[PDB]
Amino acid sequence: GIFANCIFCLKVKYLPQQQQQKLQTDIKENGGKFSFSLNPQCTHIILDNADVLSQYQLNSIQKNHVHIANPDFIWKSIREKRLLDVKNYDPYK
């Protein structure tokens, strides 16, 4: 699937539960994995609008080359059946 070899840290606790679950199944059904914790194996971190990252988390992200993206990155990649340009979905741009 389009998310093969992607490991997403999910920080989307302010989304409705149905959307959180749909994010998870969209990721799993398309070859990806997710965790709720940020670690060096994460390739991506998905961040809803209301969630924030500490300086520690930002330092880890930079160190491990983690891509910061909003939920639209997942939604739109699924909709277009193609992994999109994650750089177009960076809230911390």
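Note that residue numbering follows the sequence shown and begins at 1.
J.: If you average the CA temperature factors as listed in the entry, which stretch comes out higher, 60-68 or 43-51?
T.: Higher mean C-alpha B-factor in the PDB entry: 60-68.
J.: Of the three thirds of its chain by CA temperature factor, lowest, middle or highest, which one includes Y92?
T.: According to the entry, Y92 has a C-alpha B-factor in the chain's highest third.
J.: Would you check the entry's CA temperature factor for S77 and let me know if it's in the chain's lowest, middle or highest third?
T.: For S77, the deposited C-alpha B-factor lands in the lowest third.
J.: So where's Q20 on the chain's Cα temperature factor ranking, which third?
T.: Tercile = lowest for this residue's CA B-factor.
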